[PDB]
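Peer 1: A single structure is presented below for examination.
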2 protein chains.
Amino acid sequence: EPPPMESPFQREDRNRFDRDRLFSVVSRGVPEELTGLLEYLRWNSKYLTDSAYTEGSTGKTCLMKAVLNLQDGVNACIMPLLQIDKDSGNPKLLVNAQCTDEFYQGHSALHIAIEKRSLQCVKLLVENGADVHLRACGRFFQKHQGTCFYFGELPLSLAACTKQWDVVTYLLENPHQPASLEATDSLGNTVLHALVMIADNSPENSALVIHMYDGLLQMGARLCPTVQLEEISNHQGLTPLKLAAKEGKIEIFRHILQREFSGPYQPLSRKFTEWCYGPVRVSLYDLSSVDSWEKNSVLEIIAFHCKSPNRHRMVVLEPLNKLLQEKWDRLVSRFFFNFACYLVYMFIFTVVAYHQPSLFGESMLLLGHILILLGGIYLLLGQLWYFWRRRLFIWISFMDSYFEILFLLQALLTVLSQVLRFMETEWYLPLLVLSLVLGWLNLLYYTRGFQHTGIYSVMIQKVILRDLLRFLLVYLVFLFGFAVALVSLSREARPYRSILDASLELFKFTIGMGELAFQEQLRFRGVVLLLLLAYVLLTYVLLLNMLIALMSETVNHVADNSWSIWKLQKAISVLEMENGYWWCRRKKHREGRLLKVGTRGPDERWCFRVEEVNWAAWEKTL
Amino acid sequence: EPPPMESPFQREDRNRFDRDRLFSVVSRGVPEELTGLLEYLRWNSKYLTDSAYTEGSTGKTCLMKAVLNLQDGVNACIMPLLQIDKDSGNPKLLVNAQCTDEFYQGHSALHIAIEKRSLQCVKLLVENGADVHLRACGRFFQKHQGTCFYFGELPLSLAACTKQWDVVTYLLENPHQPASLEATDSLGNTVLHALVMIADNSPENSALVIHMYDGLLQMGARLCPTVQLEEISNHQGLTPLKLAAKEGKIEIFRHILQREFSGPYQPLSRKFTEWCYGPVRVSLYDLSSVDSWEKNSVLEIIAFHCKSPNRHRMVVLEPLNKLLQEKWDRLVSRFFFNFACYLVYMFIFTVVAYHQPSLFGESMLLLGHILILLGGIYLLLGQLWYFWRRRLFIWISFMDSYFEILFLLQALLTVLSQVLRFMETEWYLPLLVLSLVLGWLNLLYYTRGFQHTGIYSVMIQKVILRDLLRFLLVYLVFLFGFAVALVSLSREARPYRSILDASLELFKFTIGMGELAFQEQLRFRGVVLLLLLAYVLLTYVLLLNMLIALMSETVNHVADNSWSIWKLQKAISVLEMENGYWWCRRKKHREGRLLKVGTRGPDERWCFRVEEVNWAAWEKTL
Ligand SMILES: CCCCCCCCCC(=O)OC[C@H](COP(=O)([O-])OCCN)OC(=O)CCCCCCCCC
Ligand SMILES: CCCCCCCCCC(=O)OC[C@H](COP(=O)([O-])OCCN)OC(=O)CCCCCCCCC
Ligand SMILES: CCCCCCCCCC(=O)OC[C@H](COP(=O)([O-])OCCN)OC(=O)CCCCCCCCC
Ligand SMILES: CCCCCCCCCC(=O)OC[C@H](COP(=O)([O-])OCCN)OC(=O)CCCCCCCCC
């Protein structure tokens with residue numbers, strides 16, 4: 001168990017001016033009783049950095065203890081404690097000391113000074129030589145489940161994540177050791193990545209992150225105008241725009257994608273108003289990192305690399321709405337050509353399976369078996385090529401990619417049935433029939449091409465599968481227990497001869513075909529009737545409970561988001577159709593126009609023109 | 001693709017003082033560097049109007065570029081640019097120049113000056129001879145789907161639609177070229193039509209339209225008192241009151257229909273308060289264009305020419321509520337006489353079809369066949385006369401006029417069955433039986449005569465048909481795929497012999513009569529049982545999804561509008577019953593009384609007296 005960072009009740013473990021007297025001095029704050037420590041350290045040839053004066057488990061020095069105990073942001077023992085350290089000839093420094101444990105690794109006194117919101121204590125460390133790039137890489141400072149606080153591991157990133165502009169302003173320009181806006185942590189995250197990382201979708205945190213993101217980006221142009229702070233990638237190869245898309249942060253992603261500035265800081269904009277006429281506003285949006293022409297775009301990340309529930313809200317944002325709409329209109333002919341190629345494949349599949357012989361017409365049947373075999377191999381190779389490129393997509397989006405599983409399973413059992421027809425066995429017919437079911441159920445993937453059938457295919461999957469799958473467990477307990485009961489009691493002659501037959505007769509009560517009768521060919525005829533009556537009452541109550549719960553969870557008056565999920569379904573279809581087939585790869589067509597927008601700190605960007613009509617917003621500006 | 005109207009990033013296409021130097025001068029605004037253009041134009045004998053100085057795709061001149069770039073509503077290059085144009089001897093003028101493309105056709109500099117809300121630039125063009133009746137008839141300025149802005153194509157209509165009273169006041173009375181309130185566009189729409197056309201049903205736009213409608217109507221009496229601005233019809237023959245009814249604009253239609261003024265502008269009122277006593281207010285409403293005595297009234301337009309979802313909210317407004325109520329009371333005897341004539345027609349239809357011979361009593365049967373034949377011809381001629389006069393009603397109101405289709409189809413198969421009885425064939429009996437079904441289902445049209453059965457017949461059609469019709473598509477895929485599966489697997493002897501028989505046995509599971517058993521006369525008996533079990537589970541889940549979605553879309557706590565839809569159902573019945581039959585045409589009875597209301601700018605109008613009791617509104621006035 002990790003020890004506490006600061007405790008006025010539990011003393012630090014150990015794993016004349018000793019440590020216990022020293023730590024009590026800096027806690028109380030009076031510096032006059034620090035006399036005698038400098039002479040004691042020179043006599044024993046010891047330093048304040050060594051393990052005798054720090055906490056054994058972590059390495060918390062006396063300067064960290066003094067900073068952890070501040071009165072109105074100032075502690076009178078902080079300034080003189082560095083004087084004993086400097087005058088003792090320490091090869092290390094107390095200001096650059098860090099904890100060495102697994103939980104608070106790299107925690108420094110500058111991090112605690114920034115967290116205490118004491119600008120005076122932050123300044124006092126820098127004038128005495130505090131490194132402003134010291135890293136807190138302990139498990140408390142990583143983002144995980146449980147008790148943690150991720151802020152970007154840097155003093156400048158900590159000041160930005162805690163909303164302290166005076167610390168940020170002092171750390172960026174100071175004549176002793178200025179902080180770099182280009183600094184990174186173990187994840188490769190800069191201060192712009194860290195502001196994305198701390199953000200949830202609440203309005204208050206979103207206002208905090210957006211205000212700090214814009215301010216840091218503007219001060220980046222004043223200090224280091226020759227460096228694009230937005231285009232720095234981490235160790236996972238993600239820009240802050242790409243990192244917001246992967247982690248599903250709806251507010252900071254929308255603000256960066258539609259960033260608008262005027263006058264000064266105008267090259268820091270991704271949106272450019274072009275002309276306005278009444279309720280019509282026409283804008284130009286930057287397609288850098290957004291267009292799917294290049295590798296690992298925002299579109300590819302949202303469609304296949306994001307786990308967040310609000311992926312359908314990122315896809316309907318601007319310019320992602322119009323960019324994918326024009327891409328859909330160029331591929332709607334290819335989508336329906338693929339739909340026509342699957343109708344012919346299943347028209348042949350249905351005709352051949354309908355004319356299967358017992359265990360010209362024979363030549364037409366042999367040609368049909370070849371087309372099924374070649375069609376199965378073509379579908380098998382395409383889906384295997386899909387999972388080789390989309391390896392992590394099916395493990396996070398089973399409710400969004402199960403047709404890729406079903407197309408794979410239908411293709412495998414199609415080929416396997418033809419193998420079981422070459423080597424003559426009876427089992428090829430159940431496999432060919434079951435592939436006839438799975439392929440016909442695969443036509444419903446193509447209902448997303450039309451908006452009408454597409455939004456209907458979204459409203460039907462309201463959250464019913466994993467209620468009905470732990471509905472199954474209680475059901476199967478009721479069914480199995482009553483089934484093994486009925487078989488044992490029916491053995492006495494003076495109906496139910498197996499577990500499977502009794503289970504089928506009990507399942508018939510939920511389809512409206514349950515036989516309820518007073519059988520006279522059984523000794524125990526009252527008790528069987530009471531067991532059947534008890535099962536019917538228990539099942540009807542339990543089915544009634546399941547409706548009542550499904551209605552409490554699904555009729556909620558929350559706005560119907562079936563339009564957005566349908567747009568996400570097309571965006572997956574477009575981004576896969578833009579890669580072509582496995583045998584033929586389509587070339588990538590870039591979107592937008594190369595336009596000059598000003599001067600870089602010329603400034604040529606690939607801009608997408610968006611025409612938007614909004615009568616509501618225009619009337620409020622009158 | 002149309003080029004942008006104004007772009008600081010994309011230069012205008014081309015489809016010494018050249019165009020590129022000239023367009024940069026008027027964009028920046030300094031007029032001192034315009035020197036040399038007048039001498040250059042006289043040397044080359046060129047003008048500013050020609051295509052060398054305008055955009056090739058559209059025809060955007062330099063004056064349009066100068067107006068598109070205004071600083072605080074004024075550009076210093078606008079006034080001197082007209083001096084080079086005037087001094088060069090141009091047969092045309094730069095102020096009356098218009099774009100020639102398909103998208104911005106007829107766009108002038110006066111339109112941009114009004115849209116920029118610069119009264120100084122609007123004035124400066126008129127003193128130099130800007131035509132105030134120039135027309136913007138391009139596709140951007142027509143009302144359609146996509147990016148557009150319809151305002152009435154006129155400078156006065158543009159100023160009225162953008163809420164600029166100072167531009168409207170200046171354009172109507174100016175000593176150079178005043179604007180006419182009687183001016184029209186290609187649709188025939190005046191400024192009063194255009195204010196109706198731009199209005200949606202939001203409260204903010206409705207307040208904007210009503211305020212501009214009343215103000216323009218009052219200034220019409222001051223400027224041109226001898227012209228009725230409200231009675232001008234467009235090329236579709238619609239007054240602004242009629243145009244609001246056809247496009248379903250609930251707010252501006254109610255305000256015009258119940259317009260009340262006092263003192264001055266009192267002849268501009270359609271409602272006149274007659275006497276008040278406590279909570280009782282008695283008013284007189286103008287029946288001009290409203291009463292169905294004349295052709296193409298508001299009642300005829302609302303019932304048969306409107307596509308808007310809120311047609312039932314226009315019919316319950318005043319005086320439309322009391323006018324149709326008194327018309328219903330004069331026709332409720334004719335409605336029930338028509339109901340009694342259809343009961344006798346179907347009492348004969350049921351008796352004759354019940355006594356059909358094999359393939360006095362014979363004379364009574366022959367008389368019954370004649371009455372069915374004559375009754376079928378009478379119903380066929382009436383419905384064919386209906387669709388000759390109501391040609392566009394059945395194509396926009398299928399959920400409101402399908403009984404006219406069903407009465408037509410029942411009459412056709414009635415006559416066709418008698419034809420197939422004259423030429424002796426066996427197929428007349430299925431047609432006569434199916435006409436017996438369709439005629440009995442046609443009695444439910446007459447349930448709207450009673451309020452009780454009428455409002456019930458409205459609550460039952462909550463929106464369930466087109467959910468259950470794209471519910472059908474997924475269903476039919478499940479049913480057909482499992483049906484062709486079961487037939488193929490049942491061919492091995494050691495049930496389901498056709499697609500139709502298997503489809504019927506699978507459909508029986510949704511009516512509670514599905515047979516689930518372990519058949520021992522089939523080789524593949526486990527796999528058939530698993531296929532049946534999979535079909536039952538898939539169908540039950542999918543039926544459960546359809547209930548959950550129907551309940552999420554229909555129990556919404558929105559107020560029940562079944563009373564208003566029932567009133568719209570009677571209004572269609574009254575307006576069709578007022579035309580009489582096809583053989584006999586009833587004369588039209590005018591409503592209201594001819595009363596003098598003042599002096600026209602005597603003033604005799606056909607006024608409808610409405611007595612209204614409202615205790616709630618009276619108590620707030622105390
Ligand atoms: C190898 C070079 C020759 C190629 C042969 C011609 C193939 C045409 C390409 C094609 O249209 O395939 C469409 C379809 C793929 O479905 P999907 O991957 O889009 O959907 C995936 C969803 N997860 O594939 C099918 O539906 C089955 C294709 C086999 C039958 C072809 C019949 C042709 C009729 C003209
Ligand atoms: C291993 C064998 C498994 C066989 C399972 C066969 C299931 C077929 C898939 C199916 O039911 O059709 C899905 C259809 C459209 O879904 P979608 O494209 O919107 O979605 C695609 C991306 N989400 O929408 C529906 O019809 C759903 C209504 C029925 C639900 C049945 C639940 C299936 C599990 C019991
Ligand atoms: C040609 C000159 C002689 C005319 C013959 C007498 C016809 C009376 C007119 C009449 O009442 O017709 C009522 C009904 C029409 O229904 P609908 O158009 O109102 O509803 C239309 C809704 N879409 O029509 C019927 O129900 C069927 C009429 C045929 C049987 C008449 C039986 C008479 C019993 C007294
Ligand atoms: C080509 C052959 C087609 C035969 C279709 C037969 C349908 C008969 C019409 C009917 O069902 O009765 C309608 C009844 C009253 O409707 P309405 O007068 O309020 O409305 C008149 C103006 N809206 O209200 C109801 O009873 C509705 C409840 C049943 C709905 C059945 C849906 C029919 C399609 C499957």
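Labeling convention for the structure tokens: chains A, B, ... as they appear, residues from 1 per chain, ligands from 1 in order of appearance.
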Please list as a count of residues only every residue within 10 Å of residue B:52, counting only C-alpha atoms and excluding residues in the same chain fewer than 2 positions away.
Peer 2: 14
Peer 1: Could you pull out the residues sitting within 10 Å of ligand 3, using only C-alpha atoms and all ligand atoms, and write them as a CSV table (one decimal) with N, CA, C and O atoms, in the first residue's frame?
Peer 2:
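This went into part.csv:
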chain,number,residue,atom,x,y,z
B,334,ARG,N,-77.9,15.5,-44.8
B,334,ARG,CA,-77.4,14.9,-46.0
B,334,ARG,C,-76.3,13.8,-45.8
B,334,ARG,O,-76.3,12.9,-46.6
B,335,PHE,N,-75.5,14.1,-44.8
B,335,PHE,CA,-74.4,13.1,-44.5
B,335,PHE,C,-75.0,11.8,-44.1
B,335,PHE,O,-74.5,10.7,-44.5
B,336,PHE,N,-76.0,11.8,-43.2
B,336,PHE,CA,-76.6,10.6,-42.7
B,336,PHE,C,-77.5,9.9,-43.7
B,336,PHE,O,-77.8,8.7,-43.7
B,337,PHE,N,-78.1,10.7,-44.6
B,337,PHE,CA,-78.8,10.2,-45.7
B,337,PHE,C,-77.9,9.4,-46.7
B,337,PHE,O,-78.3,8.4,-47.2
B,338,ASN,N,-76.7,9.9,-46.9
B,338,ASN,CA,-75.7,9.2,-47.7
B,338,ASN,C,-75.3,7.9,-46.9
B,338,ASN,O,-74.9,6.9,-47.6
B,339,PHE,N,-75.2,8.0,-45.6
B,339,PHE,CA,-74.9,6.8,-44.8
B,339,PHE,C,-76.0,5.8,-44.9
B,339,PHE,O,-75.7,4.6,-45.0
B,340,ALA,N,-77.2,6.2,-44.9
B,340,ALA,CA,-78.4,5.3,-45.0
B,340,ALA,C,-78.4,4.7,-46.4
B,340,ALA,O,-78.9,3.5,-46.6
B,341,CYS,N,-78.0,5.4,-47.4
B,341,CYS,CA,-78.0,4.9,-48.8
B,341,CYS,C,-76.9,3.9,-49.0
B,341,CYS,O,-77.0,3.0,-49.9
B,342,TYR,N,-75.9,3.9,-48.2
B,342,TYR,CA,-74.8,2.9,-48.3
B,342,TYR,C,-75.1,1.7,-47.5
B,342,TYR,O,-74.6,0.6,-47.8
B,343,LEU,N,-75.9,1.8,-46.4
B,343,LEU,CA,-76.3,0.6,-45.6
B,343,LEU,C,-77.2,-0.2,-46.5
B,343,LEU,O,-77.1,-1.5,-46.5
B,344,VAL,N,-78.2,0.4,-47.2
B,344,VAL,CA,-79.1,-0.3,-48.1
B,344,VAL,C,-78.3,-1.0,-49.2
B,344,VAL,O,-78.6,-2.1,-49.6
B,345,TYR,N,-77.3,-0.3,-49.7
B,345,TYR,CA,-76.5,-0.9,-50.8
B,345,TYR,C,-75.7,-2.1,-50.3
B,345,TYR,O,-75.5,-3.0,-51.1
B,346,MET,N,-75.3,-2.1,-49.1
B,346,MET,CA,-74.5,-3.2,-48.6
B,346,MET,C,-75.4,-4.2,-47.9
B,346,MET,O,-75.0,-5.4,-47.7
B,348,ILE,N,-78.2,-5.2,-49.4
B,348,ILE,CA,-78.5,-5.9,-50.6
B,348,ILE,C,-77.3,-6.7,-51.1
B,348,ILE,O,-77.4,-7.8,-51.5
B,371,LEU,N,-79.4,-4.1,-58.9
B,371,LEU,CA,-79.2,-3.1,-58.0
B,371,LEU,C,-77.7,-2.9,-57.6
B,371,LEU,O,-77.2,-1.8,-57.4
B,372,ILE,N,-77.0,-4.1,-57.4
B,372,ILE,CA,-75.6,-4.0,-57.2
B,372,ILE,C,-74.9,-3.5,-58.5
B,372,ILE,O,-73.9,-2.7,-58.3
B,373,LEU,N,-75.3,-3.8,-59.7
B,373,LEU,CA,-74.7,-3.3,-60.9
B,373,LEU,C,-75.0,-1.8,-61.0
B,373,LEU,O,-74.0,-1.1,-61.4
B,374,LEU,N,-76.2,-1.4,-60.8
B,374,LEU,CA,-76.5,0.1,-60.9
B,374,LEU,C,-75.9,0.8,-59.7
B,374,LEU,O,-75.4,2.0,-59.9
B,375,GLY,N,-75.8,0.2,-58.5
B,375,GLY,CA,-75.1,0.8,-57.4
B,375,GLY,C,-73.6,1.0,-57.6
B,375,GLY,O,-73.0,1.9,-57.2
B,376,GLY,N,-73.0,0.0,-58.3
B,376,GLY,CA,-71.6,0.0,-58.6
B,376,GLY,C,-71.3,1.1,-59.6
B,376,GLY,O,-70.3,1.8,-59.5
B,377,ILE,N,-72.2,1.3,-60.6
B,377,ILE,CA,-72.0,2.3,-61.7
B,377,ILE,C,-72.1,3.7,-61.1
B,377,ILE,O,-71.3,4.6,-61.4
B,378,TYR,N,-73.1,3.8,-60.2
B,378,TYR,CA,-73.3,5.1,-59.5
B,378,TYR,C,-72.1,5.5,-58.6
B,378,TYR,O,-71.6,6.7,-58.6
B,379,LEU,N,-71.5,4.5,-57.9
B,379,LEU,CA,-70.3,4.8,-57.1
B,379,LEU,C,-69.1,5.0,-58.0
B,379,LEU,O,-68.2,5.7,-57.6
B,380,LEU,N,-69.0,4.3,-59.1
B,380,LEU,CA,-67.9,4.5,-60.0
B,380,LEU,C,-67.9,5.8,-60.6
B,380,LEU,O,-66.8,6.5,-60.8
B,381,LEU,N,-69.0,6.3,-61.0
B,381,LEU,CA,-69.1,7.7,-61.7
B,381,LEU,C,-68.8,8.8,-60.7
B,381,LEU,O,-68.2,9.8,-61.0
B,382,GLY,N,-69.3,8.6,-59.4
B,382,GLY,CA,-69.0,9.6,-58.4
B,382,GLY,C,-67.6,9.8,-58.0
B,382,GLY,O,-67.1,10.9,-57.9
B,383,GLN,N,-66.9,8.6,-57.9
B,383,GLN,CA,-65.5,8.7,-57.5
B,383,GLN,C,-64.6,9.1,-58.7
B,383,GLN,O,-63.6,9.7,-58.5
B,386,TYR,N,-64.8,12.7,-58.7
B,386,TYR,CA,-64.1,13.2,-57.6
B,386,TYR,C,-62.6,13.4,-58.0
B,386,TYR,O,-62.0,14.5,-57.8
B,401,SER,N,-57.2,10.7,-47.4
B,401,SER,CA,-58.1,10.5,-48.5
B,401,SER,C,-58.1,9.1,-49.1
B,401,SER,O,-58.6,8.9,-50.2
B,402,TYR,N,-57.7,8.1,-48.3
B,402,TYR,CA,-57.6,6.7,-48.8
B,402,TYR,C,-59.0,6.1,-48.9
B,402,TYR,O,-59.2,5.1,-49.6
B,403,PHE,N,-60.0,6.7,-48.3
B,403,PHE,CA,-61.4,6.2,-48.4
B,403,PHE,C,-61.9,6.5,-49.8
B,403,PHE,O,-62.8,5.8,-50.3
B,404,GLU,N,-61.4,7.6,-50.4
B,404,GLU,CA,-61.8,7.9,-51.8
B,404,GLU,C,-61.2,6.8,-52.8
B,404,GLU,O,-61.8,6.5,-53.8
B,405,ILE,N,-60.0,6.3,-52.4
B,405,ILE,CA,-59.4,5.3,-53.2
B,405,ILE,C,-60.2,4.0,-53.0
B,405,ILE,O,-60.5,3.2,-53.9
B,406,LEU,N,-60.5,3.7,-51.7
B,406,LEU,CA,-61.2,2.4,-51.4
B,406,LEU,C,-62.6,2.4,-51.9
B,406,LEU,O,-63.1,1.3,-52.3
B,407,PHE,N,-63.3,3.5,-52.0
B,407,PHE,CA,-64.6,3.6,-52.6
B,407,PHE,C,-64.5,3.4,-54.1
B,407,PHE,O,-65.4,2.9,-54.7
B,408,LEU,N,-63.4,3.9,-54.7
B,408,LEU,CA,-63.2,3.7,-56.1
B,408,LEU,C,-62.9,2.2,-56.5
B,408,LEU,O,-63.5,1.7,-57.4
B,411,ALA,N,-66.0,0.0,-56.1
B,411,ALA,CA,-66.9,0.2,-57.2
B,411,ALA,C,-66.5,-0.4,-58.5
B,411,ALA,O,-67.3,-0.9,-59.3
B,442,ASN,N,-65.7,-0.1,-45.8
B,442,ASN,CA,-65.9,1.3,-46.2
B,442,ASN,C,-67.0,2.0,-45.3
B,442,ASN,O,-67.2,3.2,-45.5
B,443,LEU,N,-67.6,1.3,-44.4
B,443,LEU,CA,-68.6,1.9,-43.5
B,443,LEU,C,-67.9,2.8,-42.4
B,443,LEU,O,-68.5,3.6,-41.9
B,445,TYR,N,-65.8,5.0,-42.9
B,445,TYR,CA,-65.7,6.4,-43.3
B,445,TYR,C,-66.8,7.3,-42.6
B,445,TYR,O,-66.6,8.5,-42.3
B,446,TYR,N,-68.0,6.7,-42.3
B,446,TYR,CA,-69.1,7.4,-41.8
B,446,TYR,C,-69.1,7.5,-40.2
B,446,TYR,O,-70.0,8.1,-39.7
B,573,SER,N,-65.5,16.7,-45.7
B,573,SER,CA,-66.8,16.2,-46.0
B,573,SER,C,-67.8,17.3,-46.3
B,573,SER,O,-68.6,17.1,-47.2
B,576,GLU,N,-67.1,18.9,-49.8
B,576,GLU,CA,-67.4,18.0,-50.9
B,576,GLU,C,-69.0,17.8,-51.0
B,576,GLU,O,-69.5,17.7,-52.1
B,577,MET,N,-69.6,17.9,-49.9
B,577,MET,CA,-71.1,17.8,-49.9
B,577,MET,C,-71.7,19.1,-50.4
B,577,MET,O,-72.9,19.0,-50.8
B,580,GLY,N,-72.8,19.1,-54.0
B,580,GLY,CA,-73.8,18.2,-54.5
B,580,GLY,C,-73.3,16.9,-55.0
B,580,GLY,O,-72.1,16.5,-54.7
B,581,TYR,N,-74.0,16.3,-55.9
B,581,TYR,CA,-73.7,15.0,-56.5
B,581,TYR,C,-73.2,15.4,-58.0
B,581,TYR,O,-73.1,16.5,-58.4
B,582,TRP,N,-72.8,14.3,-58.7
B,582,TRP,CA,-72.4,14.5,-60.1
B,582,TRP,C,-73.7,14.7,-61.0
B,582,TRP,O,-73.6,15.5,-61.9
B,583,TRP,N,-74.8,14.1,-60.7
B,583,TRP,CA,-76.0,14.2,-61.4
B,583,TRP,C,-76.7,15.5,-61.1
B,583,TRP,O,-77.4,16.2,-61.9
B,584,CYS,N,-76.7,15.9,-59.8
B,584,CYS,CA,-77.3,17.2,-59.3
B,584,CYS,C,-76.3,18.0,-58.6
B,584,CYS,O,-75.7,17.5,-57.6
Peer 1: Would you name the residues within 9 Å of ligand 2, counting only C-alpha atoms and all ligand atoms, and put them as a PyMOL selection string?
Peer 2: (chain A and resi 397-403+405-406+409+437-438+440-448+453-461+464-465+468-469+565-566+569) or (chain B and resi 471+474-475+478+534+537-546)
Peer 1: Take the residues from that selection and write them out as an mmCIF file, in the first residue's frame, keeping C-alpha atoms.
Peer 2:
data_model
loop_
_atom_site.group_PDB
_atom_site.id
_atom_site.type_symbol
_atom_site.label_atom_id
_atom_site.label_comp_id
_atom_site.auth_asym_id
_atom_site.auth_seq_id
_atom_site.Cartn_x
_atom_site.Cartn_y
_atom_site.Cartn_z
ATOM 1 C CA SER A 397 -17.598 -2.407 -31.733
ATOM 2 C CA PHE A 398 -19.414 -5.754 -31.802
ATOM 3 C CA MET A 399 -22.725 -3.856 -31.909
ATOM 4 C CA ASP A 400 -21.348 -1.914 -34.902
ATOM 5 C CA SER A 401 -19.338 -4.551 -36.819
ATOM 6 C CA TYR A 402 -21.100 -7.912 -36.334
ATOM 7 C CA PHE A 403 -22.013 -8.067 -40.032
ATOM 8 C CA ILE A 405 -18.348 -11.440 -38.431
ATOM 9 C CA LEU A 406 -21.504 -12.808 -40.065
ATOM 10 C CA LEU A 409 -18.898 -17.067 -40.882
ATOM 11 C CA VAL A 437 -29.970 -18.830 -43.614
ATOM 12 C CA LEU A 438 -26.898 -16.774 -42.715
ATOM 13 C CA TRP A 440 -30.152 -14.214 -46.421
ATOM 14 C CA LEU A 441 -29.904 -12.602 -42.973
ATOM 15 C CA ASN A 442 -26.838 -10.758 -44.339
ATOM 16 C CA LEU A 443 -28.983 -8.748 -46.782
ATOM 17 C CA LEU A 444 -29.994 -6.473 -43.891
ATOM 18 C CA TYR A 445 -26.531 -4.883 -43.924
ATOM 19 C CA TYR A 446 -27.541 -3.168 -47.177
ATOM 20 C CA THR A 447 -30.614 -1.483 -45.658
ATOM 21 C CA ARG A 448 -28.307 1.345 -44.517
ATOM 22 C CA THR A 453 -34.620 1.428 -44.052
ATOM 23 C CA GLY A 454 -31.381 2.590 -42.412
ATOM 24 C CA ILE A 455 -32.869 4.609 -39.561
ATOM 25 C CA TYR A 456 -35.384 1.807 -38.964
ATOM 26 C CA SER A 457 -32.548 -0.692 -38.633
ATOM 27 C CA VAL A 458 -31.154 1.557 -35.882
ATOM 28 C CA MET A 459 -34.316 2.089 -33.805
ATOM 29 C CA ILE A 460 -34.897 -1.662 -33.576
ATOM 30 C CA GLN A 461 -31.614 -2.319 -31.747
ATOM 31 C CA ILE A 464 -32.395 -5.384 -25.467
ATOM 32 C CA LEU A 465 -29.643 -7.952 -26.191
ATOM 33 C CA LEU A 468 -32.318 -10.685 -22.806
ATOM 34 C CA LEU A 469 -29.000 -12.529 -22.328
ATOM 35 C CA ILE A 565 -25.896 6.264 -35.684
ATOM 36 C CA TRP A 566 -27.041 5.781 -39.289
ATOM 37 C CA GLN A 569 -22.909 3.362 -40.295
ATOM 38 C CA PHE B 471 -40.908 -3.911 -40.187
ATOM 39 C CA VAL B 474 -36.932 -7.449 -42.214
ATOM 40 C CA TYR B 475 -39.716 -9.921 -41.360
ATOM 41 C CA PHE B 478 -36.421 -13.798 -41.983
ATOM 42 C CA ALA B 534 -33.493 -19.992 -33.930
ATOM 43 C CA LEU B 537 -36.023 -16.613 -30.877
ATOM 44 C CA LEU B 538 -35.138 -14.222 -33.710
ATOM 45 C CA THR B 539 -38.797 -13.429 -34.442
ATOM 46 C CA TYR B 540 -39.685 -12.916 -30.766
ATOM 47 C CA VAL B 541 -36.708 -10.590 -30.232
ATOM 48 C CA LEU B 542 -37.570 -8.682 -33.409
ATOM 49 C CA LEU B 543 -41.250 -8.387 -32.485
ATOM 50 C CA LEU B 544 -40.151 -7.175 -29.040
ATOM 51 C CA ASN B 545 -37.917 -4.557 -30.670
ATOM 52 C CA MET B 546 -40.883 -3.333 -32.717
#
Peer 1: Starting from chain B, keep only residues with some atom at most 7 Å from an atom of chain A, counting only C-alpha atoms, and report them as a PyMOL selection string.
Peer 2: chain B and resi 5-10+115+147+470+477-478+481-482+485+488-489+492+512-513+527+545-546+548-549+551-552
Peer 1: Go ahead and compute the interatomic distance for atom CA of residue B:103 and atom CA of residue B:2, in Å to one decimal.
Peer 2: 6.6 Å
Peer 1: Just the residues within 12 Å of residue B:600, please, counting only C-alpha atoms, with nothing from its chain fewer than 6 positions along; format it as a ChimeraX atom specification.
Peer 2: /B:221,225-228,265-269
Peer 1: Got time to write the residues from that selection, C-alpha atoms, as a compact mmCIF listing (two decimals), in the first residue's frame?
Peer 2:
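Below is the file part06.txt, written as the result:
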# COMPACT_ATOMS: atom_id res chain seq x y z
CA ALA B 221 -52.65 53.37 -47.04
CA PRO B 225 -54.74 54.46 -50.59
CA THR B 226 -56.66 53.54 -53.76
CA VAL B 227 -54.98 50.13 -54.19
CA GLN B 228 -55.89 47.06 -52.12
CA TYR B 265 -55.95 52.22 -40.11
CA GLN B 266 -59.33 50.78 -39.06
CA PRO B 267 -60.34 49.83 -42.66
CA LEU B 268 -57.20 47.63 -42.62
CA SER B 269 -58.94 45.23 -40.20
